[PDB]
Every structure is written in structure tokens, then in C-alpha cells.
Amino acid sequence: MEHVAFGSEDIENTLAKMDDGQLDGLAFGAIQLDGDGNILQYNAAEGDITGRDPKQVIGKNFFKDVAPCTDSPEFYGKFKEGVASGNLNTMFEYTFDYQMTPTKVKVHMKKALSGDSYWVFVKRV
């Protein structure tokens, strides 16, 4: 179990050293997206929250395929502005309700250390 706290100010540096094996040891959900919203990494904790099987969602588009409930100005809109601008760091509450029991979460989106990749961190509230 990797000791990293949700919302840590230097979270991008710490997660840069993790492979999709060490990501599964986080206490919160973590998804890594490319600039188009395609899923590059998806950890075990996220699968526990949402029911998705990590290996099966990698490669899919988060906003178009996996999470249509996030295709809105309040989530996808913030992501798109972040990708276009070059920086992103925002935290907000949201409800995930597609093909699942509605679940309230806290989401933290932040640009990764690498060029065109972005993190989406999730925890229950």
C-alpha cells in the first residue's frame, strides 16, 4: 500500500515513479488520460468504486465511452480547458451514475508531470 494522500500538492512528482502495479496500491482511485480523454492507466481502487474492470477500460475514451455522465461543462468542460491551456488543477464533488448505483465522490484533476497526460483522482465522500 503506497502512502500518498489525496490532494497532496506534489502528487504528480510522486506518481511519476509508479507503474500500473504500484498505482494499484493507492488509497484512492487514479485514472491517467491523454489529451483526448483516452484512458492510459486505471487503478484497482477506481475499479472498486465504479465496478469497471481496469484492464478492459484502458484504451477507451473516458468521456465518450466509459463515463458519459461526465460529458458536461462541469467535468469534461474543465478537462478540455485544462488541456488547451496547458495546466489543470481542480477539485470538486460529483456523482457517478452511469450503469451503477449513484455514488458521490470527490474528484481531483491535475496535469501530469509528463507532457500530454492528465490525472483524475477519485475518492468517496
# chains A, B, ... in the order shown; residues from 1 in each chain; ligands from 1

$ select_by_dssp --residues "segment 36-99 of chain A" --states "strand (DSSP E)" --output "PyMOL selection string"
chain A and resi 39-42+89-96

$ write_last_selection --atoms "N, CA, C and O atoms" --output "short mmCIF file (atom, residue, chain, number, x, y, z; two decimals), in the first residue's frame"
data_model
loop_
_atom_site.label_atom_id
_atom_site.label_comp_id
_atom_site.auth_asym_id
_atom_site.auth_seq_id
_atom_site.Cartn_x
_atom_site.Cartn_y
_atom_site.Cartn_z
N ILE A 39 -8.09 6.56 -21.95
CA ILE A 39 -7.55 6.02 -20.72
C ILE A 39 -6.24 5.27 -20.95
O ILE A 39 -6.18 4.31 -21.72
N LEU A 40 -5.20 5.72 -20.25
CA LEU A 40 -3.86 5.13 -20.32
C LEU A 40 -3.56 4.23 -19.12
O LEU A 40 -2.85 3.23 -19.25
N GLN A 41 -4.11 4.59 -17.96
CA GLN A 41 -3.93 3.84 -16.72
C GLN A 41 -5.23 3.95 -15.92
O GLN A 41 -5.93 4.97 -16.01
N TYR A 42 -5.56 2.91 -15.16
CA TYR A 42 -6.79 2.88 -14.38
C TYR A 42 -6.52 1.89 -13.24
O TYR A 42 -6.22 0.73 -13.50
N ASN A 89 -5.61 22.01 -12.42
CA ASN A 89 -5.56 21.62 -11.02
C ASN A 89 -6.86 22.07 -10.40
O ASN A 89 -7.02 23.24 -10.03
N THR A 90 -7.81 21.16 -10.32
CA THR A 90 -9.12 21.50 -9.77
C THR A 90 -9.70 20.33 -9.04
O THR A 90 -9.47 19.17 -9.39
N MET A 91 -10.45 20.64 -7.99
CA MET A 91 -11.06 19.61 -7.16
C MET A 91 -12.52 19.96 -6.95
O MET A 91 -12.85 21.12 -6.66
N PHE A 92 -13.41 18.98 -7.10
CA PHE A 92 -14.84 19.21 -6.94
C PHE A 92 -15.56 17.91 -6.64
O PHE A 92 -15.06 16.83 -6.95
N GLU A 93 -16.77 18.02 -6.11
CA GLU A 93 -17.59 16.84 -5.85
C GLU A 93 -18.44 16.55 -7.10
O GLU A 93 -18.76 17.47 -7.86
N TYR A 94 -18.78 15.29 -7.32
CA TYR A 94 -19.56 14.89 -8.49
C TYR A 94 -20.28 13.59 -8.17
O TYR A 94 -19.92 12.90 -7.21
N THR A 95 -21.28 13.24 -8.97
CA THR A 95 -21.99 12.00 -8.78
C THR A 95 -21.84 11.15 -10.02
O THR A 95 -22.16 11.58 -11.12
N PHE A 96 -21.37 9.92 -9.83
CA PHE A 96 -21.21 8.97 -10.94
C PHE A 96 -22.45 8.07 -10.92
O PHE A 96 -22.74 7.44 -9.91
#

$ residues_around --residues "residue 29 of chain A" --least-positions-apart "5" --cutoff "12 Å" --atoms "only C-alpha atoms" --output "MDAnalysis selection string"
chainID A and resid 4:7 23:24 41:52 54 105:109 119:124

$ atom_distance --atom1 "atom CA of residue 14 of chain A" --atom2 "atom CA of residue 115 of chain A"
15.8 Å

$ select_by_dssp --residues "segment 23-62 of chain A" --states "helix (DSSP H, G or I)" --output "CSV table (one decimal) with C-alpha atoms, in the first residue's frame"
chain,number,residue,atom,x,y,z
A,23,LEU,CA,-0.8,2.5,-8.8
A,24,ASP,CA,-3.0,-0.4,-7.6
A,25,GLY,CA,-1.6,0.3,-4.1
A,44,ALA,CA,-7.7,-1.1,-8.7
A,45,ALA,CA,-9.2,1.4,-6.2
A,46,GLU,CA,-11.1,3.1,-9.1
A,47,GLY,CA,-12.5,-0.3,-10.2
A,48,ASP,CA,-13.7,-0.9,-6.6
A,49,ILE,CA,-15.6,2.3,-6.6
A,50,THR,CA,-17.1,2.1,-10.1
A,54,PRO,CA,-9.3,-1.9,-15.1
A,55,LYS,CA,-7.7,-3.9,-17.9
A,56,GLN,CA,-10.9,-3.6,-20.0
A,57,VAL,CA,-11.3,0.2,-19.9
A,62,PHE,CA,-13.5,8.2,-20.8

$ closest_residue --among "A:87, A:28, A:63, A:125" --to "residue 75 of chain A" --atoms "only C-alpha atoms"
A:63

$ atom_distance --atom1 "atom CA of residue 35 of chain A" --atom2 "atom CA of residue 82 of chain A"
9.3 Å

$ decode --residues "segment 65-105 of chain A" --atoms "N, CA and C atoms" --output "mmCIF file, in the first residue's frame"
data_model
loop_
_atom_site.group_PDB
_atom_site.id
_atom_site.type_symbol
_atom_site.label_atom_id
_atom_site.label_comp_id
_atom_site.auth_asym_id
_atom_site.auth_seq_id
_atom_site.Cartn_x
_atom_site.Cartn_y
_atom_site.Cartn_z
ATOM 1 N N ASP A 65 -17.058 6.949 -24.241
ATOM 2 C CA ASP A 65 -17.450 5.571 -23.989
ATOM 3 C C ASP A 65 -17.780 5.174 -22.552
ATOM 4 N N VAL A 66 -16.817 5.379 -21.671
ATOM 5 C CA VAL A 66 -16.915 4.920 -20.300
ATOM 6 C C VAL A 66 -17.783 5.703 -19.323
ATOM 7 N N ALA A 67 -17.650 7.023 -19.367
ATOM 8 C CA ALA A 67 -18.294 7.904 -18.401
ATOM 9 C C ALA A 67 -19.100 9.031 -19.023
ATOM 10 N N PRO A 68 -20.185 8.706 -19.734
ATOM 11 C CA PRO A 68 -20.978 9.767 -20.362
ATOM 12 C C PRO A 68 -21.553 10.773 -19.385
ATOM 13 N N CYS A 69 -21.721 10.374 -18.128
ATOM 14 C CA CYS A 69 -22.252 11.290 -17.126
ATOM 15 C C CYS A 69 -21.277 12.432 -16.832
ATOM 16 N N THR A 70 -20.015 12.286 -17.250
ATOM 17 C CA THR A 70 -19.008 13.342 -17.072
ATOM 18 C C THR A 70 -18.882 14.237 -18.304
ATOM 19 N N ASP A 71 -19.620 13.914 -19.363
ATOM 20 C CA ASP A 71 -19.609 14.710 -20.588
ATOM 21 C C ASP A 71 -20.580 15.861 -20.350
ATOM 22 N N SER A 72 -20.051 16.899 -19.714
ATOM 23 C CA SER A 72 -20.816 18.074 -19.325
ATOM 24 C C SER A 72 -19.818 19.199 -19.074
ATOM 25 N N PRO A 73 -20.270 20.459 -19.100
ATOM 26 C CA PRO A 73 -19.327 21.549 -18.841
ATOM 27 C C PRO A 73 -18.667 21.448 -17.457
ATOM 28 N N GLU A 74 -19.365 20.847 -16.493
ATOM 29 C CA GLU A 74 -18.856 20.732 -15.122
ATOM 30 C C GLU A 74 -17.717 19.742 -14.897
ATOM 31 N N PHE A 75 -17.465 18.861 -15.858
ATOM 32 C CA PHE A 75 -16.396 17.878 -15.707
ATOM 33 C C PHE A 75 -15.554 17.897 -16.987
ATOM 34 N N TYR A 76 -16.082 17.354 -18.080
ATOM 35 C CA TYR A 76 -15.369 17.366 -19.351
ATOM 36 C C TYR A 76 -14.989 18.794 -19.754
ATOM 37 N N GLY A 77 -15.879 19.753 -19.519
ATOM 38 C CA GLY A 77 -15.568 21.132 -19.868
ATOM 39 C C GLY A 77 -14.319 21.652 -19.171
ATOM 40 N N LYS A 78 -14.141 21.281 -17.910
ATOM 41 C CA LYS A 78 -12.970 21.715 -17.159
ATOM 42 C C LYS A 78 -11.732 21.011 -17.686
ATOM 43 N N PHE A 79 -11.890 19.743 -18.044
ATOM 44 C CA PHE A 79 -10.779 18.973 -18.574
ATOM 45 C C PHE A 79 -10.302 19.591 -19.877
ATOM 46 N N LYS A 80 -11.242 19.847 -20.786
ATOM 47 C CA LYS A 80 -10.894 20.401 -22.096
ATOM 48 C C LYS A 80 -10.195 21.746 -22.018
ATOM 49 N N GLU A 81 -10.621 22.583 -21.082
ATOM 50 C CA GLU A 81 -9.996 23.886 -20.933
ATOM 51 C C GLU A 81 -8.578 23.703 -20.394
ATOM 52 N N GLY A 82 -8.394 22.723 -19.513
ATOM 53 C CA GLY A 82 -7.076 22.450 -18.967
ATOM 54 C C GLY A 82 -6.097 21.967 -20.020
ATOM 55 N N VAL A 83 -6.534 21.047 -20.867
ATOM 56 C CA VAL A 83 -5.673 20.523 -21.916
ATOM 57 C C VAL A 83 -5.254 21.630 -22.898
ATOM 58 N N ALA A 84 -6.207 22.477 -23.277
ATOM 59 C CA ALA A 84 -5.951 23.555 -24.228
ATOM 60 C C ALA A 84 -5.022 24.609 -23.653
ATOM 61 N N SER A 85 -5.217 24.922 -22.377
ATOM 62 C CA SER A 85 -4.425 25.937 -21.684
ATOM 63 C C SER A 85 -3.013 25.487 -21.338
ATOM 64 N N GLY A 86 -2.861 24.224 -20.958
ATOM 65 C CA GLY A 86 -1.545 23.724 -20.604
ATOM 66 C C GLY A 86 -1.371 23.400 -19.131
ATOM 67 N N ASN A 87 -2.344 23.780 -18.312
ATOM 68 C CA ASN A 87 -2.286 23.497 -16.885
ATOM 69 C C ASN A 87 -3.680 23.203 -16.364
ATOM 70 N N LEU A 88 -3.741 22.386 -15.322
ATOM 71 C CA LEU A 88 -5.009 21.985 -14.749
ATOM 72 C C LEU A 88 -4.793 21.507 -13.331
ATOM 73 N N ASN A 89 -5.612 22.010 -12.421
ATOM 74 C CA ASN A 89 -5.558 21.619 -11.022
ATOM 75 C C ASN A 89 -6.859 22.074 -10.396
ATOM 76 N N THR A 90 -7.813 21.161 -10.319
ATOM 77 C CA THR A 90 -9.115 21.499 -9.774
ATOM 78 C C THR A 90 -9.702 20.328 -9.036
ATOM 79 N N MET A 91 -10.449 20.637 -7.990
ATOM 80 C CA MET A 91 -11.063 19.610 -7.157
ATOM 81 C C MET A 91 -12.523 19.960 -6.945
ATOM 82 N N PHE A 92 -13.408 18.978 -7.096
ATOM 83 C CA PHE A 92 -14.835 19.214 -6.941
ATOM 84 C C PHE A 92 -15.563 17.911 -6.644
ATOM 85 N N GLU A 93 -16.772 18.017 -6.106
ATOM 86 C CA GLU A 93 -17.591 16.838 -5.855
ATOM 87 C C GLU A 93 -18.439 16.555 -7.099
ATOM 88 N N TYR A 94 -18.776 15.286 -7.322
ATOM 89 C CA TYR A 94 -19.559 14.892 -8.493
ATOM 90 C C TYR A 94 -20.284 13.594 -8.166
ATOM 91 N N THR A 95 -21.278 13.244 -8.975
ATOM 92 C CA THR A 95 -21.992 11.998 -8.777
ATOM 93 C C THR A 95 -21.841 11.145 -10.020
ATOM 94 N N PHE A 96 -21.370 9.920 -9.832
ATOM 95 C CA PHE A 96 -21.214 8.972 -10.936
ATOM 96 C C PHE A 96 -22.451 8.073 -10.921
ATOM 97 N N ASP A 97 -23.207 8.067 -12.018
ATOM 98 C CA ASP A 97 -24.459 7.318 -12.063
ATOM 99 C C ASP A 97 -24.742 6.523 -13.327
ATOM 100 N N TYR A 98 -23.743 6.278 -14.162
ATOM 101 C CA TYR A 98 -23.976 5.523 -15.388
ATOM 102 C C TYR A 98 -23.809 4.019 -15.167
ATOM 103 N N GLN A 99 -24.892 3.272 -15.375
ATOM 104 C CA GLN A 99 -24.899 1.814 -15.219
ATOM 105 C C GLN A 99 -24.389 1.372 -13.853
ATOM 106 N N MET A 100 -24.662 2.179 -12.836
ATOM 107 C CA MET A 100 -24.221 1.884 -11.482
ATOM 108 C C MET A 100 -25.107 2.610 -10.482
ATOM 109 N N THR A 101 -24.985 2.244 -9.211
ATOM 110 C CA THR A 101 -25.722 2.918 -8.155
ATOM 111 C C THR A 101 -25.107 4.312 -8.059
ATOM 112 N N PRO A 102 -25.928 5.366 -8.041
ATOM 113 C CA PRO A 102 -25.341 6.707 -7.962
ATOM 114 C C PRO A 102 -24.402 6.810 -6.773
ATOM 115 N N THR A 103 -23.176 7.251 -7.036
ATOM 116 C CA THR A 103 -22.169 7.353 -5.994
ATOM 117 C C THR A 103 -21.513 8.718 -5.997
ATOM 118 N N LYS A 104 -21.566 9.393 -4.854
ATOM 119 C CA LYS A 104 -20.963 10.709 -4.724
ATOM 120 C C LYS A 104 -19.475 10.570 -4.423
ATOM 121 N N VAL A 105 -18.670 11.341 -5.144
ATOM 122 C CA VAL A 105 -17.224 11.296 -4.987
ATOM 123 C C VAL A 105 -16.629 12.692 -4.986
#
